[PDB]
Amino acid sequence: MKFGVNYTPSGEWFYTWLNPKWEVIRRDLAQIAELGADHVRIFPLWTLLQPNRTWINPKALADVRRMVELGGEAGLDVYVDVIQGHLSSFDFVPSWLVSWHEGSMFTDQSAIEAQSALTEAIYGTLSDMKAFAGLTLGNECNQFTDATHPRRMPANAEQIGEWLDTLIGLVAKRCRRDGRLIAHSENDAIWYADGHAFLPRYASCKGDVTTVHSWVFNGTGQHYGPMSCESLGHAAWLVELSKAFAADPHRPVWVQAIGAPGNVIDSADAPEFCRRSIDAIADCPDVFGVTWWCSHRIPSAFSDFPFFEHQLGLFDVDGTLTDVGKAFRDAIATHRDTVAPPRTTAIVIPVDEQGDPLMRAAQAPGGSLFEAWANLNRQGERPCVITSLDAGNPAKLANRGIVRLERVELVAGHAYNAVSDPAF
């Protein structure tokens, strides 16, 4: 299992992409490596990368390479997210896709070519880099197609599947030959939102690894309590849930983002949330890695962020180590060698003829399946999660080593909140 942090540049956040202070970035990545992390995740801005649909900015590509270079010289593997897209409640969409040029990145064919050219351009610029570990198509891109988005980019579930297949397929074989990974990222709506065009099986079958972003402001922390077994184990629950919709029985699961948000978790307890959540993740088999959010706190001078976003960094505004920064550093040591035994008792999830849930609000906070797992795990049963389709096929049940099943009737939860802050 791997340990890393999502890199928020100190001093100027992602606005530093306009004019990177490379000596500060070098000091930033050196601090992350000093925690014991082995990798880092970085976020270029789509508006700077591709200011026109048919012109990618060479300076922005070169600046991404420099950060990849500096990350490696600190001893860190660097994972790059291509399309931002969305970052901490803000949207950075190039001018050729807004207002007079409004379009859907998921259905507009010429916009798919632009995303296609940018993905190849990012990989081509970094192909020679030894620390270039892999690509994610973009941070939580599905938020653009959800109905909660104030400028939704429309798309049905089939178009979303073709969207993933097009971009992932461009660089999938280069990634395999080169020894790198290609993956995609979605917020918890893919697991929790009924009617969502991103289906759970997309995250667990498309791409090389399943990415998961565990945030307990989604309803789990207010419904059950900031440090309930439901909340502290939410990251583990997302790990075990995602496996049910995967075809590969030992597919790695990467918790690509997880933090202790101040809006539901208190600062005095935030270190305990870090340690125990990682204890929960460390008990699940086949975890690719744990990437914390985030590296360095957002400067106090920047505005319109949700308040809790300013304290998410592992290093404070003056560069000193945070209380959670000591918890994440100590957790890296505690779990660098811990291996997780196979999980024997599975929770059955009733699913479509094609692998999709009947009622996703039952896997959502407050739902029966959600609570059945938390209750089973709380009692030390280390449960996994299976679908109804796999439950009637002894081959897959054998490959995964399940010997005990659990049927639970579906009751919808109502605690899920699709937005970080009430203002949205």
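We number the residues from 1 along the sequence you see.
- Of the two segments examined, 35-43 and 355-363, it is 355-363 that shows the higher average Cα temperature factor in the deposited entry.
- A summary of the deposited B-factors shows that, of 160-168 and 232-240, the stretch with the larger mean C-alpha value is 232-240.
- Across the options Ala60, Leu29, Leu397, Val68, the residue with the most elevated CA B-factor in the record is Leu397.
- Set against one another, the Cα B-factors of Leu87, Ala280, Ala114, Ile83 in the record reach their highest point at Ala280.
- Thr344: CA B factor lies in the highest third for its chain, per the PDB record.
- Among all modelled residues in this chain, the alpha-carbon of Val253 has a temperature factor (C-alpha) in the middle third.
- Placement of the Cα temperature factor of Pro200 within the chain: middle third of the modelled residues, per the deposited record.
- In the PDB entry, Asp318 places in the middle third of its chain by CA B-factor.
- Among the modelled residues of the chain, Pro226 sits in the highest third by CA temperature factor in this PDB entry.
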